[PDB]
Amino acid sequence: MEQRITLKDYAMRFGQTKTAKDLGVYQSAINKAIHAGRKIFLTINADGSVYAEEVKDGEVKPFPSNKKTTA
């Protein structure tokens, strides 16, 4: 649905530095979450937005995720 491209494939169609500056994380944490062997899918509004949707058989998270409670 929508532009739900993967985290890896997506980067291949655009670039590793673009998918990195898109989520707002370091370029290293990218090549590791992608060159490693994960399985995520970002849903882009198509207007250029980004909705990271990771799904690691056990819990799906946005990442970067939020949690202003015990911190």
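Residues numbered from 1 in each chain as written, not as in the entry; some residues may be left out. Heavy atoms only, no water.

The record names solution NMR as the way this model was obtained.

Novice: An account of the UniProt feature "DNA-binding region" in the protein is requested, with residue identities and associated values reported.
Specialist: The UniProt entry lists residues 16-35 under the feature "DNA-binding region", expressed in the numbering used here. Each end of residues 16-35 is marked by a C-alpha atom, and these two atoms are 10 Å apart; helix forms 85% of the span and strand 0%. (UniProt positions renumbered as here; feature names shortened; annotations may be inferred. Helix = DSSP H or I, 4+ residues; strand = E, 2+ residues; numbered from the N terminus.)

Novice: Could you give an account of helix α3 (residues 27-35), with specific residues and numbers?
Specialist: Buried within α3 we find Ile-30, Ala-33 and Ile-34. Across the axial projection of α3, the buried residues extend over an arc of 90°, all falling on one side. When the buried face of α3 is taken as reference, the exposed residues oriented beyond 90 degrees from it are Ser-28, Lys-32 and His-35. If you follow the buried residues of α3, they end up packed against α1 (8-13) and α2 (16-23). (Buried < 20%, exposed > 50% of the residue type's maximum accessible area, 1.4 Å probe, protein only. Arc of directions from axis to C-beta. Contact = heavy atoms within 4.5 Å.)

Novice: Could you give an account of the side chain of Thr-43, naming the residues involved and the relevant values?
Specialist: With respect to the secondary-structure elements, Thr-43 resides in strand β2 (residues 41-44). Those residues in contact with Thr-43 that lie beyond four places of it in its chain are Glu-2, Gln-3, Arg-4, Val-50 and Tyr-51.

Novice: Describe unusual backbone geometry, naming the residues involved and giving the relevant values.
Specialist: Going from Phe-63 to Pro-64, the amide bond is cis rather than trans, its omega being 0°. Mapping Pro-64 onto the fold places it in the segment after β2. Positioned with a positive phi, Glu-2 is a non-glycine residue whose angle comes to about 55°. Of note in this structure, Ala-46 is not a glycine but carries a positive phi near 90°. Take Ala-46: it is sitting in the segment after β2.

Novice: Lay out the nonpolar core with the relevant residues and their values.
Specialist: The biggest cluster of nonpolar side chains holds twelve residues, and these are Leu-7, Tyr-10, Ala-11, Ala-20, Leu-23, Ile-30, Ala-33, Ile-34, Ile-40, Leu-42, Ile-44 and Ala-52. Those elements giving two or more residues to this core turn out to be α1, α2, α3 and β2. It is α3 that contributes the most residues to this core, three residues altogether. The residues contacting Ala-20, other than those within four sequence positions of it, are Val-25, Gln-27 and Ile-30. (Core = buried A, V, L, I, M, F, W, Y, C linked by side-chain atoms within 4.5 Å.)

Novice: Tell me about the packing of aromatic side chains, and please be specific about residues and values.
Specialist: What the rule picks out here adds up to one aromatic pair. Note on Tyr-10 and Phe-14: the rings are 5.1 Å apart at their centroids and 70° apart in plane angle, and the pair reads as edge-to-face. Take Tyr-10: its relative accessible area is 8%, and that puts it in the buried class. The exposure class of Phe-14 is exposed, given its relative accessible area of 52%. (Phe/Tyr/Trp six-rings, centres within 6.5 Å; stacked < 30°, edge-to-face > 60°.)

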